[PDB]
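FYI the Cβ positions are ideal-geometry reconstructions off the backbone, even for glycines, and counts take in every protein chain you see. Where a number appears in this text, it was derived from the coordinates with a stated rule and is not lab data.
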Amino acid sequence: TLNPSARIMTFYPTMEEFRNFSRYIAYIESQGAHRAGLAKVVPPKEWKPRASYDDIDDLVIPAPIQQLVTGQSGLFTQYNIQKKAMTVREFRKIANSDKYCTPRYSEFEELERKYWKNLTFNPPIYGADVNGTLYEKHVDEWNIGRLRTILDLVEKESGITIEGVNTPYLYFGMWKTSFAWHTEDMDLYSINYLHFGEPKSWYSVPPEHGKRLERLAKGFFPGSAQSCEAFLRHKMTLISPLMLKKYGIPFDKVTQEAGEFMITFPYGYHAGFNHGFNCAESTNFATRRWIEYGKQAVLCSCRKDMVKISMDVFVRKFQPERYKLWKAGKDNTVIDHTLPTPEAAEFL
Amino acid sequence: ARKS
Ligand SMILES: O=C(O)CNC(=O)C(=O)O
Ligand SMILES: [Cl-]
Ligand code: NI
Ligand SMILES: [Zn+2]
């Protein structure tokens with residue numbers, strides 16, 4: 001098959017390939033990129049989303065989060081504390097500060113070792129979930145603010161705006177700030193652009209193994225699992241690569257550098273950390289292939305106002321011949337995680 | 001409802 005090793009792939013589009021976003025996503029799926037659950041896309045050298053990052057010092061981070069982490073033997077739970085609002089300027093000064101700055105290191109493996117060794121000490125501040133875009137109005141290629149995929153149907157046909165899902169979010173990171181193991185809301189795709197600063201490292205589990213990771217997590221955290229089946233959607237659970245390896249969960253790792261895109265795929269579990277002060281922009285998107293994942297997604301029961309997207313409009317428009325069955329609860333379709341989105345047909 |  002295409003990428004039978006399910007290893008994270010990197011792509012280097014020309015400007016002409018880069019211009020149509022949905023089409024290029026269909027292309028990288030025709031190359032098997034989706035099997036890893038994560039892919040890197042390096043934009044053309046000529047392309048920039050913004051001329052300068054030195055005029056954003058006045059941007060407000062309304063709800064910075066201090067990340068407290070408790071655990072041992074590769075298994076941790078992360079607790080957020082909302083701090084008072086601060087500007088990018090203040091944040092940047094705390095991030096580049098000596099008590100929170102990146103430690104000295106040679107190779108990525110050393111930094112990774114220090115991350116997993118020091119995870120629970122000196123809790124950092126994450127500049128997370130900031131509504132906004134650092135793109136300039138005029139940039140029409142891979143603009144995270146408007147990607148023009150079928151996810152837009154939630155807005156255009158239904159008038160529903162879900163912040164960070166069909167709208168962009170900014171993330172100002174510092175060393176050791178983390179994102180816990182999760183798939184996207186409604187098992188959507190996500191896109192992530194690192195605007196500037198130090199790298200972001202990522203771990204990914206192939207969608208075809210996602211259930212193995214869930215059973216693993218349920219084993220380690222039975223109480224959490226008993227309270228909510230989808231408790232990983234709480235984005236509190238950290239699990240080291242050593243534990244993944246010990247229990248035989250296939251995974252891959254990759255480091256994203258400023259100027260690079262990461263794409264996560266439906267039901268791709270991923271987690272990671274920031275190397276130092278940086279800024280990333282992201283949102284969710286969809287393709288036709290997502291619709292079945294959306295229909296099957298297991299959602300958090302226990303919490304108030306979690307993201308729940310009505311699938312009705314999608315089934316109605318793109319699967320009319322299955323709509324009656326689906327409404328009746330009789331749609332028994334089984335997802336094959338290896339298959340590319342239909343749109344890939346012309347490349348295959 | 002939003003992302004968190
Ligand atoms: O940037 C972060 O903190 C984590 N990003 C994601 O999980 C994503 O883009 O899908
Ligand atoms: Cl537990
Ligand atoms: Ni994510
Ligand atoms: Zn829950």
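A compact table of results
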item	result
Mean shadow area of segment A:144-263, taken as a quarter of the surface of its Cα convex hull (nm²)	8.8 nm²
Dipole of segment A:31-75, positive end: most advanced residue of A:41, A:71, A:59 [Cβ charges, Cα centre]	A:41
Estimated FRET transfer efficiency when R0 is 35 angstrom, pair residue A:42-residue A:105 (beta carbons, to 0.05)	0.90
Approximate spin-label separation residue A:339-residue A:196, in nm, with each point projected 7 Å along Cα-to-Cβ	4.5 nm
Principal axis dimensions, largest first and in whole angstrom, of the protein assembly as shown by Cα	61, 50, 40
Bins of 5 Å, starting at 0 and running to the largest distance - Cα pair percent for segment A:193-292	2, 11, 19, 20, 20, 15, 10, 2, 0
Per-residue mean of C-beta atoms belonging to partner chains within 10 Å, peptide A:232-242	0
Cα-based convex hull, segment A:167-235, per residue volume (Å³, whole number)	123 Å³
Extension gain, residue A:226 back to residue A:79 (0.36 nm per residue minus Cα-Cα distance, nm)	51.0 nm
Listed peptides A:120-128, A:177-185 by packing density, highest first (mean Cβ within 10 Å)	A:177-185, A:120-128
Förster radius 41 Å - calculated FRET efficiency between residue A:317 and residue A:257 (Cβ-Cβ, nearest 0.05)	0.60
Alpha-carbon centroids, segment A:242-265 and segment A:332-348: separation in whole Å	23 Å
Nearest-0.05 FRET efficiency for residue A:17 and residue A:308, computed from C-beta distance (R0 35 Å)	0.50
Burial ranking of peptide ranges A:37-47, A:77-87 (average Cβ count within 10 Å, highest at the top)	A:37-47, A:77-87
Of A:52, A:106, A:190, the one that fluctuates the most in a GNM where chain A has Cα springs shorter than 10 Å	A:106
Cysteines in chain A lacking a second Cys C-beta under 4.7 Å	A:101, A:279, A:300
Cβ crowding within 10 Å averaged over residues, with A:204-213, A:239-248 ranked highest first	A:204-213, A:239-248
Dipole magnitude of chain A about its Cα centre (Cβ charges: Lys, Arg +1; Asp, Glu -1), debye to nearest 20	1080 debye
Estimated [θ] at 222 nm from DSSP helical runs (n ≥ 4, -39500 (n - 2.57)) normalised by residues in chain A, nearest 500	-6000 deg cm²/dmol
Distance between segment A:184-229 and segment A:103-123 - C-alpha centres, whole angstrom	21 Å
Fluctuation leader among A:269, A:171, A:53 - chain A, Gaussian network, Cα springs under 10 angstrom	A:53
